[PDB]
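You are given structure tokens for the same protein chain in two forms, set apart as structure 1 and structure 2.
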Structure 1
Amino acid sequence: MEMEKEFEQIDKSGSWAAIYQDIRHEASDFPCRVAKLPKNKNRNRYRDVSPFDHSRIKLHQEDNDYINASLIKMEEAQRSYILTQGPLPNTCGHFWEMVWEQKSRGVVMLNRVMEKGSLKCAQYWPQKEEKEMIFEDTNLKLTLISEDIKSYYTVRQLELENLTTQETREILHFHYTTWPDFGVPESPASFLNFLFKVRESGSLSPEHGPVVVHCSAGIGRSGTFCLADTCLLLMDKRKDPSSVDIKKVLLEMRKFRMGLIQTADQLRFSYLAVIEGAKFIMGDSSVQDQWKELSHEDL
């Protein structure tokens, strides 16, 4: 593939940092006026990570519609994602309000609550069936229904209830627990095994609202996940691996949220994941079982 040839050339010349810096230099800069309003200071986890105004998710409330969340609409791939920061103690109600209003079926969490000795995300979902969470400010209730615990990720089935109408929805929560802050997954196989677990759930399908993807800031790990998924979907459309330009796809995504993919090694890993995933897209369905084995998800 042209993607494989490009990877080989960058590796041989040792120019991942330069390629990655080129992307940062060419990336879109759009205003984030709402994110920077004084009233929204305590709704942002990081001073330097904000949603662009043009693509921010608006909460459907009159008081304050702001959440640090972006709609990434990949027009050619025909898939949308919401990328958001790890909720703060005061924005967990907003987070589930967004999930409800945007009709999302899945939440993909790529971080842990504590990383490198600091708190990176609130405990925004219940870990025990009998201890449900009630978000009084947004009139929502959230109950853990079941979970499937694997070695490096956990899938949870949640029930989200609109307390105003008593309507309920199933939310699937995919928690990747071994992807370090500013780091990469253990292998392409472990990443792809997890990505296709998300896909198989239906959470990425167009009948539902956009999947909500987050890490701590919602850009490094979240960007890597969504770049790989979109590239594999583009390749699927006409079964043509050489028709995917990873750097171009990443620049397109960065029109919708700043800073997606935060290290040169996350960019390199993205290539690895797409190159390996291409084996499945191009017709070797058996490689999915191989990824499951190589991921050691039982062990």
Structure 2
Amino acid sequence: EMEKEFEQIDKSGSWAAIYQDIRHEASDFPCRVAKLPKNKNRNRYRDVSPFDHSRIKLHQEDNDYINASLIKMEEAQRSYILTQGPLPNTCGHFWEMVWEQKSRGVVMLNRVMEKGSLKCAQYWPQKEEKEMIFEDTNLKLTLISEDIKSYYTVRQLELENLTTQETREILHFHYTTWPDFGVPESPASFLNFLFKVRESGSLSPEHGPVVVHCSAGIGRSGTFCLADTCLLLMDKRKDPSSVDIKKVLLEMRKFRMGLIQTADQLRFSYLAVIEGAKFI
């Protein structure tokens, strides 16, 4: 089991050697286009960049870059787009992606301000009456409804393509309670939040991939996907004890760098899969 592989790592006090192992074994691939000098200001971080093979392109002749990777999990029949938190210049690109990738849910795992700095642009409308328009990508975004809770908030949003007059219902699943520092004491709210996303159909293949982000789109986002996928694979396989988290993490890392930024988040992911495994 991992229940008992986990308890071994605690007692041996060896979490950061495990996590460092994952780092060394991890895939490295080129990020040529992320690093073109014209996409400088499309990136929040000089050291978080999408691999070329797995990057999302914008359908437009001008410049097709966005900092977003498609994580494709063959066996679990799950796909995700991990991306950075929209910058003020990239909110339109962000909704273009949502539009073009035919996504149903956006999963956001940061507050707009954390530790006193801005971690993300306010990329969505706060009031029904005051809708956003992205002139660069000819999109309208309207807040239809909003349902706020202890550990998370959900929003019904309407996304109109102004070029073509078609509109679409996007679901905004905001996890609002990840602490500024470290990780949650228990993984129970986070799992709860994951199930709520699941319940919406936003992860299901009737739709294009969910778009998941924190500020960089690798830390908390990684945990979300890794926990979701590991549990699905636990549901599917003849032998559930066979799912290796380290193996699944390294697979996910073939598609985006950096997934799980700390040994804490790793412990936490293990943890959330084990606790999540008892709702089963």
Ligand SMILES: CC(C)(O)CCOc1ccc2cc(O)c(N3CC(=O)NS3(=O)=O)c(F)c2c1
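Note that the rigid core is defined as the largest set of C-alphas that superpose within 1.5 Å between two forms. Residues that one form lacks are left out of the comparison. The first residue in the sequence of structure 1 is number 1, and each one after it adds one.
Matching each structure to its source, the form deposited without the named molecule turns out to be structure 2. Among the candidates 39, 47, 239, 248, displacement between the two structures reaches 2 angstroms at the C-alpha for one position only, 239 (superposition on the rigid core). Residue displacement note: residue 181 has its CA displaced by at least 2 Å between the two structures (rigid core superposed).
Once the rigid core is matched between the two structures, the CA atom of residue 152 is found 2.2 Å away. If you overlay the core, the Cα of residue 225 moves by 0.7 Å between the two structures. Mapped along the sequence, displacements between the two structures of 2 angstroms or more at every C-alpha, sustained over at least 3 residues after core alignment, occur at 180-183, 238-241.
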